[PDB]
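Here you go, one structure.
Think of it as A, B, C and D in the order they're written, each chain with its own count starting at 1.
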Amino acid sequence: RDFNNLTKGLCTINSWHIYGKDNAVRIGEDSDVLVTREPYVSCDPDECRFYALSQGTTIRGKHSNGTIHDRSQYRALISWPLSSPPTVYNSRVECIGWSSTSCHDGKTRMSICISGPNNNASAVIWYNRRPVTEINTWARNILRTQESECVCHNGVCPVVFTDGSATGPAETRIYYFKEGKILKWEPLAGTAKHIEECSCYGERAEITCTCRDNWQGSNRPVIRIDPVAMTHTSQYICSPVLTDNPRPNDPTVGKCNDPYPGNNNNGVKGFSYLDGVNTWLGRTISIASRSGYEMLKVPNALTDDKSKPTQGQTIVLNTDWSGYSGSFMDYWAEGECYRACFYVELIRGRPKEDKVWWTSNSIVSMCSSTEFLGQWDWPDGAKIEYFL
Amino acid sequence: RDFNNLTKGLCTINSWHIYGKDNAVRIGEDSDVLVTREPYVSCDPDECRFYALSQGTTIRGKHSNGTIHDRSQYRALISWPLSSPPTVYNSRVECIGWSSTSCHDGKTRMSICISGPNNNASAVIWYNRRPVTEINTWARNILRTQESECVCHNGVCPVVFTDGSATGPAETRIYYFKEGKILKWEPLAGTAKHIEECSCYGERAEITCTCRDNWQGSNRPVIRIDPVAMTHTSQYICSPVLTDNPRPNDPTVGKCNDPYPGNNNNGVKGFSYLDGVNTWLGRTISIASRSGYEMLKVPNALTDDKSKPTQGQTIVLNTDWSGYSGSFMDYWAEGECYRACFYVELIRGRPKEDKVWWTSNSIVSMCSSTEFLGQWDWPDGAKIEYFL
Amino acid sequence: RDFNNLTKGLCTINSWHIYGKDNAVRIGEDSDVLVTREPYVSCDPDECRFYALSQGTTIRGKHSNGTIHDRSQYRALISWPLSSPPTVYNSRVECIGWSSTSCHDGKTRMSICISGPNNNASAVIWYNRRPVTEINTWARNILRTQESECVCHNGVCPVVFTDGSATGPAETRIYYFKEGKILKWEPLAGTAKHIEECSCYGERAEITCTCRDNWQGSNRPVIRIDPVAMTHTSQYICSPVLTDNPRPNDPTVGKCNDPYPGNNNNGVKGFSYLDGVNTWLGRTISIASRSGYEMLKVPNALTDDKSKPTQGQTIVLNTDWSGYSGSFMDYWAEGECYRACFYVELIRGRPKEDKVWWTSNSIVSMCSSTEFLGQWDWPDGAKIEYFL
Amino acid sequence: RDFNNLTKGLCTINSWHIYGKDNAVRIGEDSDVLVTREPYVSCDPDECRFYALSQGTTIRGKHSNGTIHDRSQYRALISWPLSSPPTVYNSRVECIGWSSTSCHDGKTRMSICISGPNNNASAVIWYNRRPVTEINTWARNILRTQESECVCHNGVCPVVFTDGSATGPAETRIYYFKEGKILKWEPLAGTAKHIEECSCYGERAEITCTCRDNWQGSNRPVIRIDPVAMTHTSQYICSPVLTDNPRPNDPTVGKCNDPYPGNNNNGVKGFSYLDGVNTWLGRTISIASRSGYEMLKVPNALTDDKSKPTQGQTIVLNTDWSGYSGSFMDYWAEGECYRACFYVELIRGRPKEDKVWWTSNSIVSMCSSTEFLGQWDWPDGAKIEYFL
């Protein structure tokens, strides 16, 4: 095997087709399904799999009480077969911790998990299923990373980390790994003022990451990385189609180089594909909560501070719960272009459904089509009443 | 690996032997077995597996209530090892949707799943476990396909789809796929007046499909496809041994080029092997409901409008529930001829057993023998009372 | 791979060591373990596995009621990893039916399952996981076979079948298979008067089978097969150490060429290793029921009508339930000799423990040592009270 | 594959990072997790796995009552994927018995299990998943071995066994195996007065084992083995940082050549890495019970009778239960040095938590880092009240 190179451009996105769906909460009402959150999808050269952070309990288990909490000693990054649920019996643990990323470089997979108390966390970087490198907290305040896949080019796999405040300036670093070893790291540069939970994809030897400005911005920060020079830039999506949550209503003109205000100290992980007129943004439908999910075609969103939608697709109705969302692609597929894909975490339980004592999720995932396909909506599908 | 070619004729069918049986409803009374319907069997060069459409819940799970319904966002095509049950832990998802087909071409497998609302459905064609092509609804009325395996010849895998009314003329198309890409499609031609749910097999570079005329016919339509020319014909089975369900009693003379009347707007998926004097038809025993199942040797059924049985074999007694049935063969077996096989879906629960709130099935499957073997009957075997 | 040849003699048996044990009934009190009976062990070149006839239900499932019965449409030959229990999720179905044998020839595995009603049963012979040959009942009275592994030599795998009465003369046939095809069959010859359930092993190009004379004999019939000439002989074990069950007390002098009387129309599957002074016989301890199990070293048991034990080993105390027992060896092990092995079926439930409504078993298995090892006893270990 | 040689030295240990954690008791509150004890970790060239002695029941099963007991016919050495729990469906049985060790030699794995009554136990040595050698009890008093991995060098895998009293002199033997065959054995020599449960690692063609002196010592005996000469030495860790449990308080000066007194007839399995200034000792925090766990950097502990800690890391708080601990390394990792690893058994249930009737454990495991990483504590995490 050779290292994968990002040689292709994105396919033209004219609609989105169903790729995967695990129905995990429905199925786990009466089977041994682990409680999860922060899911994602990532491909190897011969298989694509679902990933998430386990909570170290089943959803029917008594230890599901308290799983609203984000960080414990009982979390782990797990992966499992595409569209199956994350079960006790089919989930493979990648590493232990409560914040993660993972990617395949064409030869083997790198997985990173962060664990520890808030003031003393550490990342362990695994390569070929073995621990290789460790990184201690630099700011002593919840070292944390993408919660979706990284992207590699000729063996170099950049990863975005943040350590520091969620409600003011923090210390974001871009690490450049190869075979699980640190080649270089850089502090964040550019005009993004706060970065968390980057969702990345690669095309034509460039990696684009759409992130969460938790502190101030309802527009999303974007980091663009050259994995050969090992350098990057940052800005915000210019468009007035605002894509964080909660957020204010959409204005007429956005902000390219600073956070669009109205909502402070909160957000959600999300994504975009930024490719000129072939630009699609994901967002929750609700401006107030993680409710609904839609894709909007917003030509030149990155650069055009007045850009509005020209097409769209509903993914989850606004009468259903959504959650985090992120990007991935099958960099080992056949053909001339990389097909954009994404997932949406469908959060069930706390805090919005507080008649149960747990929080979990299922996954839905879609990829682009060059056809203009009909749309369905894809809810989680479980009935909370059954769990009482 | 090279593409498989249909070089062999059918073996002489002198009786049927047990091939597989999963006992899924019995076992799922106390284990984590998914609710299914629309099962089938399909072989790869190194393994044969059971396939079906999951309902995204276990049979003991509370989400089994409502599973009489055919189309939801919680269905998927799954496969699992021959004669095991479809469990949460052993079922591999092929694709997401509520109508399917799948076949191996000798190199890898193509799987197709249709999803969407009734007026906006779409097919996704997967090849080598990746999405390759998408097809939007052409008639905006439940785009739908075979619900059993397709057949390939030198890489060309024809598939029959219908979109449109179930109770009047519809728009049937034969697509010719290779490596998941569309080579060609044609509209239905010939004298079949309505087509659904084709059950296909191949021999000597020809593919024969026995289908369901839901609208008018109690005889079954037959499509015969040349996968080299990429052309086809259609007619009905001429015999007065009528094989849809519900149906009128058997007459003395059938119809070759139009639907045999008496029953409108209903049917069941079924199959035949049409090979001159080596012709065998499957049918339910009951003329009123999906009850019992038998094979009848009906020499020249396709062409002889007075042909009656010369031999038979009971598969399921008329005091047991049956369901869909379909054809498959192991095109990678040893020997000089292809051995005909079939399966029967053994439907349990609603609507016939309405003391439970679910609908599911098990599978029995048989293949031909050149011996004249003794016969048993093969019921599902579960007791509904245990589920109350 | 080449076909395995029986080139080695037996290792010297000076005691027996623990090989495998599945604890299936203990574990299945609270996990999804299939109800079984008629287990055995058989090796492939790279793995050894447990085999048995499933009853198509879990032991906690409501469908376990009635599993005392031997023949239903819900039985199948399953295999699973050595010392694991037969679970819904790890059991591989080999074929469907209610009497079986299986063996590897060095290239691939042959498995045979018989199904049908008592007057119309048929065997299907699978090779390389595909059906190849079928055999109809010849006497219309419960066609039946070994219930433990067959043995192959240069691709020729003999199998012993019986069809006919269990309580008078029957029609026993030795079939010689190669690649699942019938080379030849012969009727039983020699002085054995009734044959069932042969337990076989091979050494130095000869196959020895120790069987059950259900009709009259409390000594066991022995068939010795030359798999090159495809011929056989039969007699009884001469020794007065009687090894069927139920049986009369041991006499002073046995019978070499006729059944030792005292018990009619019953028996149990059992085994021996018949190798001159290196001869070991298995038996239940009780003369009345399937209770206890012991190995006895009985020099020249086959030929010496006064031979008595010179050494022994208790396997199951007479205060614990036993069951069928049979022979197998790992013909692909390293070294200069074949190590004798056996298993004992530990039957729990009906008819001896009738406070439960099921019948099932676990497995213990041992192989020979050239050391004189200390002995333990190996009960099933489950508590029936837990199942009430 | 070639046999692995111990060519590397230990990496510099500046802290410990999380490697694996199975959360088995939390998860097994509502899934089919086997009851275990005496766990460990061991690597093959392509995978690392968790190992333990099953009790042949699930933790929710009724047969979990009585699992405080150490030796039964229902125990087996099982292995399962790293950080998954030991489930009925994913656990591979290595061999049957109630004391074990296992190691890979670079070509394949040797596993040893001891079974029998206390006065008549025997070891079976498996190689390449087949039984090869057997060893009878030499002292007729609970033949027993390491309960963690062995270590091999050029195919020679030494193993430490003890037979005899737990409360006076016993008969310890070092066996040197190759391909499961005995090359040599030696009686214990040196100044260790009692040996049990050795925890071993290899570096630079030497194997170091840290053991348990059950009879008298609260310092730990150390055996150092030359696997080429097949010879060994023994002494005690000289340091006054005492590492058995229970134990007296730490003195100022330890004992190098005799047991440090204060506690008789008890102990716990533990470990150390003894490498000059790169020396780290594990111990329980409590001096009275298996409570808490810490690593202490104790330069020259082996040789310096006044050596005190210079650094440490808490692994399990003293308000959480611990248990056995042992060493392992991935001898097939990339890089220039072997990274020290260890596990801690987190015992739950009896005797310390006697509101339940079972005893089981989970696993946490860590490996060394050359960074100075922040520390977390890693409890089992289950709530006993949930099991009542």
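Please note the rule applied: a contact is a pair of C-beta atoms (placed from the backbone, for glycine too) under 8 Å apart; a residue touches a chain by one contact, two chains touch by 3 or more.
Here the spacing of subunit B and subunit D, counted between their Cα centres, is 57 Å. Centre to centre, using the average C-alpha position, subunit C and subunit D are separated by 40 Å. For subunit C, residues that reach two or more other chains under the stated contact definition are 32, 89. Taken chain by chain, the contacts form a single closed ring in which each chain touches exactly two others. Chain pairs that touch one another, listed by label: A-B, A-D, B-C, C-D.
Contact residues of subunit B toward subunit A in the complex are 32, 34, 56-58, 60-63, 72-74, 76, 88-89, 91-93, 95-97, 113, 115-117, 119-122, 124, 128-132, 134-137, 179. Touching subunit A in their complex are the following residues of subunit D: 17-21, 23, 26-27, 29-33, 47-48, 81-85, 87, 89-90, 330, 333-335, 339, 367, 369-379, 381-383, 386.
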